[PDB]
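Asks: Got a structure here, written out as structure tokens. Questions coming.
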Protein chains: 2
Amino acid sequence: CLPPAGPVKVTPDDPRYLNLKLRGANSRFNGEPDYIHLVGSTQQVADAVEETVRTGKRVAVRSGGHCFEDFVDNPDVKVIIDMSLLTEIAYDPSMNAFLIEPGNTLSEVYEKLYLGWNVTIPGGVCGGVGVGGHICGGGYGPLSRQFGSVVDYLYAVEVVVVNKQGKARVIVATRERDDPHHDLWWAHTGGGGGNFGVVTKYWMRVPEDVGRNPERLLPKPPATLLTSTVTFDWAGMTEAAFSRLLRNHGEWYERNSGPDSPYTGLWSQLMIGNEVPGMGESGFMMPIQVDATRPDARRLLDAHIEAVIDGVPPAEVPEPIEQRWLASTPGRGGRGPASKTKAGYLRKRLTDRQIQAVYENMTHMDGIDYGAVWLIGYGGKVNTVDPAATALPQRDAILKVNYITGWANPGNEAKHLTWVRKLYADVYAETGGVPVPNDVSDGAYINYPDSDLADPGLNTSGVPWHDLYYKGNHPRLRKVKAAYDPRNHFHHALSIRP
Amino acid sequence: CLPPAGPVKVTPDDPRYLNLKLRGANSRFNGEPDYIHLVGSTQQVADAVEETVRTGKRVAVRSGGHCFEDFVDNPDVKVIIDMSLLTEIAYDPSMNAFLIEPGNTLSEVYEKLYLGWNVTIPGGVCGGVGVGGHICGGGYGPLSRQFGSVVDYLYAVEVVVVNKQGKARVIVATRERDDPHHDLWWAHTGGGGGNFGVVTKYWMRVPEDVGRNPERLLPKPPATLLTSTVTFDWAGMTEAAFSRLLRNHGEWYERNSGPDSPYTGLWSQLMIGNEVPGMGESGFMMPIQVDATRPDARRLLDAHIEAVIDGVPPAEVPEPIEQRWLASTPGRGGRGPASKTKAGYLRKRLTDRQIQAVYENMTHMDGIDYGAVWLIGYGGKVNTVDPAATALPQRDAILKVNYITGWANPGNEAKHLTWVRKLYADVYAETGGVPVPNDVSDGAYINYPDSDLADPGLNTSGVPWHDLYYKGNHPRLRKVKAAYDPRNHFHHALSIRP
Ligand SMILES: *Cc1cc2c(nc3c(=O)[nH]c(=O)nc-3n2C[C@H](O)[C@H](O)[C@H](O)COP(=O)(O)OP(=O)(O)OC[C@H]2O[C@@H](n3cnc4c(N)ncnc43)[C@H](O)[C@@H]2O)c(*)c1C
Ligand SMILES: Cc1cc2nc3c(=O)[nH]c(=O)nc-3n(C[C@H](O)[C@H](O)[C@H](O)COP(=O)(O)OP(=O)(O)OC[C@H]3O[C@@H](n4cnc5c(N)ncnc54)[C@H](O)[C@@H]3O)c2cc1C
């Protein structure tokens, strides 16, 4: 048993500074903090937080740096509390749950959970994403249809909070109702990070009583995944062929995203993008994976493809290769390109005029390096939980839809922004440019933040940003915010305001 | 301090088996063990070793799986002890040194040592190389010319050994003179892994008394590095131009590998290979890095280049890019292609007839997917230590030469093996086809093991394999081998035998 790495205050002249300053995934955002505070223990965080209160310096937390907005990297932020050293992944006998510290990467968590106890959490696809912001934002992934969101497995949370006088306090907030700080736990079941305080620990556990046996405490990953990726050719893709595909795909998820459907083990995202000769994971492709544990795994995959590619000429279907769980270790580089992604939920399939709006903007994209629309699979075991039981209100969705643009040169930022905002405003034109909760839309997802939803120039409808993300859960979140962060010390562009 | 990850005994029907079986780097080697023993603590290691004594099963340890031989992955090995869970990197006040556990990936070690204390160890370039085999095998890297080998910083080691009755015993061996197990420490200063017992902990520390301050205990890495990669075109690479280059590069390292040399902060490996259509880090190239902390880094860089590329027409020199320490460590996958690499030391430059031999074999390479001769920069601060002081005798060399082949198809192995062995036998033709300690050669390096040297067919000289690797230090290693492994429980193709 050893002492943790002590607190290190990384000033601009210190050689580590530039590394910690630029470790954000999105290269759009550049903050110039006074110092970056590296922490190794909960107490070090408390000492860091108190100093930011005492000095009146704007503080932001960072674990993975995979924030889509400038919540960490902006001119106004003067202190970055960097959770890089807090990387513990172990079973806690005291809590009878798995302790996952914020500074861990999803790739590092899946790795340690798999080899150690043959378990996993239904988190993000990307290996490079950090735990801290991912979980309390309501993390989901390719196993979410089979197990739910990660927040459905969040038992407890250790948070550092500031009282009105300005002093730090460490609270362990649990799931149980007899806990005095039940509200604080609930705020972290998809309430988004950078609001209530600094999370120093996550405790992950299956809600049901499975005894002290640790291998039952978290979802068991499929031993093998039966994987296939369907390619589509733009050159032969007409409007009629495009409308058919999205209708086929949308309809399939309308009737196969049930909680007790045999397609809970199947996940696929339809990636509608332009082709970049060098950039991998682009173009017009549809990665599809199914749980291969069941003997009828191949039928489920085959019945999925043919329903989607029915009457769709330009489609390429290779032979489904059965690969093991974590056969190839992820971690898509470090510093990514400058990008802007806008998000929306789907209860039903995209309307025919929305599909038309997608095709129009995908056809008209001159001077765009990368521009895509992804239709990520959702629902299933997610839609068993009450909209109010967790901080995530969207317990009705079948698809998550993202609108992405990327660019190599910062000079063309405005050029790309216009296109992705034109795409977004054309699709949700009938509901004031934004996915207002409807029979089709259900709102937005806080792990995909969009500061345009708070801007009056980009959100023409009267519906505010916080109603789009939180819906009926919003009034409760302000109640938590005012209780645990009355000084409003933790804030950003899309922070909860009392 | 939560209890360590429990001992999981991975049987063949277990979903984890194939992942843990195939996590070796070189895909030429396969093995079918009865079980793979994952361990979380030193006690779990000792218990696993005793079980293999009781069952009589042949055992092999694994950290990063980056063995260039069949030491871990061979049909005879029935138990793998996997150290993946033992990944601790913290400051140890008891030893006043840095505790680094074997299961750690090198990339992770530099990352945590840099962030936590602004320190580093002068070890390997490759990211996914495990600490376990690396340090006890006399690990080296770019900073070795300025700091020496990693073994020059090895203060202590925790080893699990077996007495002749078959019982496990945990021993902590230190650098100190009075230590009753000084020999066991010396055994791990370049003696190679898989010999004396299972290494469960390393302790890294500067020899000088620097006090209790952790920031002083290890070398502080350069803040920034000045980098350049000189490309060479095979199209204009005649025999005269080739001989000129290797003579220039050879003679430069003859004059500039002194411990007092200003070029101790400069490192360059000459990669003489064929350009593989779709695979980076191959072809005819020469990456050069220099410590940008020095006031004349650019004057030293260009001086090194102009001397090497002197009278070499197809040399292509780019503009030098300055990048910070650990600016980006991407990680080039996990499972690499099947390769066979043969190594050797160089005290002086390759003779004209040896350069002739290289050019001859680099011209004629039909069916060869990849084939290269690497001349890795060495010496400098390494050469300060006495040959007998550590287990590494070669404290005189200026370069480390590697002879590498690579194939994509398992069928084409025999063809590739013939060519690389032809290359090796052609270069060392005067001294029995091996680098017998000479005016030029100085044996081989143990972290690049070569079982061909123990083979009487491929090694046709009156010099055995161990005299090449260990030289004068071999007799003493046999003594330590007999003292701490009398049963010879830990053995492979190139293990120390009494
Ligand atoms: C694949 C690879 C290797 C490299 C590369 N570049 C290097 C460099 O730039 N400098 C170097 O000094 N070395 C470089 N190497 C070679 C590696 O350093 C060696 O091949 C190491 O031996 C690798 O160690 P490891 O990752 O642990 O490989 P394993 O197969 O796990 O172990 C090898 C050997 O070690 C024995 N052993 C004894 N005790 C232990 C413990 N406690 N833990 C692990 N292993 C132990 C094993 O029995 C086995 O025989 C660049 C690249 C791409
Ligand atoms: C390439 C990429 C791929 C992605 N893939 C997926 C995916 O597959 N599935 C999915 O659901 N999401 C995905 N996301 C979105 C991701 O889940 C969110 O952006 C998440 O908030 C990232 O958190 P982080 O800690 O890694 O990054 P950060 O920027 O460190 O965290 C974001 C926010 O968390 C706040 N925060 C508050 N407390 C803490 C704390 N204790 N530790 C850390 N941060 C804290 C920070 O202040 C910041 O505002 C992806 C994002 C990227 C960039």
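Asks: In deg cm²/dmol, rounded to 500, what helix-only [θ] at 222 nm does the protein assembly as shown give when every DSSP H run of at least 4 residues adds -39500 (n - 2.57) and the total is split over its residues?
Replies: After summing the helix terms and dividing by residue count, I get -7000 deg cm²/dmol.
Asks: Once you list every other residue whose beta carbon is under 10 Å from the beta carbon of B:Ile404, what net charge do they have if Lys and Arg are +1 and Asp and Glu are -1?
Replies: Result for the neighbourhood of B:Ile404: +2.
Asks: Return the distance in nm (one decimal) between the two label points of a simple spin-label model at A:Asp302 and B:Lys415, each offset 7 Å from Cα along Cα→Cβ.
Replies: Once both label points are built, they end up 3.8 nm from each other.
Asks: Taking the Cα-to-Cβ direction at B:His182 and at A:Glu215 and moving 7 Å from each Cα, how far apart do the two end points lie in nm?
Replies: In this crude label model, B:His182 to A:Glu215 measures out at 4.9 nm.
Asks: Mind checking the full-extension length gain between B:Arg476 and B:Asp455? Use 0.36 nm per residue of separation minus the Cα-Cα distance, one decimal, nm.
Replies: Values: separation 21, 0.36 × 21 = 7.56 nm, distance 2.34 nm.
Contour length minus Cα-Cα distance gives 5.2 nm.
Asks: Specify, for chain A, the residue whose C-beta is closest to the rotation axis mapping it onto chain B, with the distance given in whole Å.
Replies: Closest Cβ to the A-to-B rotation axis, residue and whole-Å distance: A:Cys1, 3.
Asks: Same structure, new question: Tell me, what is the FRET efficiency for A:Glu208 and A:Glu88 to the nearest 0.05, using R0 = 22 angstrom and their Cβ-Cβ distance as r?
Replies: Calculated value: 0.30.
Asks: For segment B:223-472, what is the relative contact order in percent, using Cα pairs closer than 8 Å and at least 6 residues apart in sequence? Display every interim value, and only then the final one.
Replies: On the way: 461 pairs, mean separation 58.3, N = 250.
Worked out over segment B:223-472, it gives 23 percent.
Asks: Taking the label point as lying 7 angstrom from Cα along the Cα-to-Cβ axis, what are the distances from B:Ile321 to the corresponding position in the remaining copies, in ascending order and in nanometres?
Replies: Counterpart label points of B:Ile321 in the remaining copies fall at 3.0 nm.
Asks: Can you tell me which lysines have their Cα less than 29 Å from the Cα of A:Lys342? Leave out same-chain residues fewer than eight positions away.
Replies: Partners within reach: A:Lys21, A:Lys78, A:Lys381, A:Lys400, A:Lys415, A:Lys422, A:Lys471, A:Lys479, A:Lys481.
Asks: Count the net charge of all other residues whose Cβ sits under 13 Å from the Cβ of A:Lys342, scoring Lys and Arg as +1 and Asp and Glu as -1.
Replies: Around A:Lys342, the surrounding residues sum to -1.
Asks: Mind checking which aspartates and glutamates have their C-alpha under 17 Å from B:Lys167, skipping anything on the same chain fewer than 8 residues away?
Replies: Answer for B:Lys167, where 17 Å is the Cα cut-off: B:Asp47, B:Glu50, B:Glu51, B:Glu158, B:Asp485, listed by chain and number.
Asks: Roughly how far apart, in whole Å, are the Cα centres of segment A:396-445 and segment A:315-369?
Replies: 13 Å
Asks: Tell me, in nm to one decimal, what length is gained between B:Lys9 and B:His364 on full extension, where the rule is 0.36 nm per residue of separation less the Cα-Cα distance?
Replies: Details: separation 355, 0.36 × 355 = 127.80 nm, distance 4.88 nm.
Net length gain for the segment: 122.9 nm.
Asks: In whole percent, what relative contact order does segment B:109-152 give with Cα contacts below 8 Å and a gap of six or more residues?
Replies: On the way: 44 pairs, mean separation 16.2, N = 44.
That works out to 37 percent.
Asks: At A:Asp310, label 7 Å along Cα→Cβ: distances to the other copies, nm, ascending?
Replies: Nearest first, the other copies' label points are 7.7 nm away.
Asks: Sticking with this structure for a sec: Please arrange B:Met279, A:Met362 by how many other C-beta atoms lie within 10 Å of their C-beta, fewest to most. Before the final figure, lay out the partial values.
Replies: Values: B:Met279 14, A:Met362 20.
If I rank by nearby Cβ atoms, fewest first, I get B:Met279, A:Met362.
Asks: With label points built 7 Å along Cα→Cβ from the Cα atoms of A:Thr231 and B:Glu254, find their separation and express it in nm.
Replies: 5.4 nm
Asks: Relative contact order of chain A, please, whole-number percent, based on alpha carbon pairs below 8 angstrom and at least 6 residues apart.
Replies: Normalised by residue count, the contact order of chain A is 16 percent.
Asks: Continuing with this model, one more query. Taking Cβ-Cβ under 4.7 Å as the only way to count a partner, pick out the unpartnered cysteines of chain A.
Replies: Flagged as lacking a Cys partner: A:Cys67, A:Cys126, A:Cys136.
Asks: Between B:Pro3 and the same site in the other copies, what are the distances in nm, shortest first, taking label points 7 Å from Cα along the C-beta direction?
Replies: 2.8
Asks: Let me ask something else. What's the extension gain from B:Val463 to B:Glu281 if we count 0.36 nm per residue and subtract their Cα-Cα distance?
Replies: On the way: separation 182, 0.36 × 182 = 65.52 nm, distance 3.48 nm.
The span from B:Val463 to B:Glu281 would gain 62.0 nm if fully extended.
The numbers here are math on the coordinates, done by the rules we state, and not lab data. Reconstructed Cβ throughout: ideal geometry from the backbone, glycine too, with neighbour counts over all protein chains shown.
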